[PDB]
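*Asks:*
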Amino acid sequence: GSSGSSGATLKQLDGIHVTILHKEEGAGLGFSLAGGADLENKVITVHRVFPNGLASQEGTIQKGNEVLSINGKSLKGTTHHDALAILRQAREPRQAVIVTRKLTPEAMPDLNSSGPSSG
Numbered sequence: 001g002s003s004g005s006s007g008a009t010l011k012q013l014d015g016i017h018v019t020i021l022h023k024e025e026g027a028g029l030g031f032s033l034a035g036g037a038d039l040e041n042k043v044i045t046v047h048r049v050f051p052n053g054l055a056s057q058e059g060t061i062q063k064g065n066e067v068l069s070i071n072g073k074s075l076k077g078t079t080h081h082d083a084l085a086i087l088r089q090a091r092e093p094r095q096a097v098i099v100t101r102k103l104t105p106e107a108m109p110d111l112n113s114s115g116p117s118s119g
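Residue numbers for the sequence shown follow the authors' numbering, beginning at 1 and rising by one.
Now the structure itself:
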């Protein structure tokens, strides 16, 4: 393994964006977990993102997204329930930490094109 080394000519290290949700104790995140170990999707994903919630509000946790961890708890192969529950526990607090990557729905578009430069 390894971790960093020295100041490189980069900024946006990796395509991970932490989402800090600010809610009340037992207010709910606004989204649900999907997938499991016993399922076809080992990695749990965002099942759905309620229309009236925090997750949606942020816009970070979008259905289909990849849920690496929740509340700092990484999925070591948790089932569907063990996950759902764990998710129901991450909602107990007022804040929740979910690590997800920027994924696309279908046929990822080209977020770039021959253009000008800046600096």
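The C-beta atom is built at its ideal place from N, Cα and C for all residues, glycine as well.
Does the distance from the CB of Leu84 to the CB of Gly53 come in under 9 angstroms?
*Replies:* One-based indexing of the sequence shown puts residue 84 at position 84. One-based indexing of the sequence shown puts residue 53 at position 53. Not a contact, by the Cβ cut-off of 9 angstroms.
*Asks:* If you reduce the DSSP assignment to three classes, tell me which class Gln95 lands in.
*Replies:* On the sequence shown, residue 95 is found 95 positions in, with the first residue counted as 1. Reduced to three states, the DSSP call for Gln95 is strand.
*Asks:* Give the DSSP bridge partners of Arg101, in chain order.
*Replies:* Residue 101 sits at position 101 when you count from the first residue of the sequence shown. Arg101 pairs with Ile16.
*Asks:* Out of curiosity, what's the CA-to-CA distance linking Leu103 and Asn65?
*Replies:* Position 103 of the sequence shown, counting from 1, holds the residue named residue 103. Position 65 of the sequence shown, counting from 1, holds the residue named residue 65. If you take the alpha carbons of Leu103 and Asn65, they lie about 6 angstroms apart.
*Asks:* Indicate whether the contact test is met: 3 or more Cβ pairs, each with one atom in the segment 27-42 and one in the segment 75-82, closer than 8 angstroms.
*Replies:* In short, these stretches touch, since the Cβ pair count reaches three.
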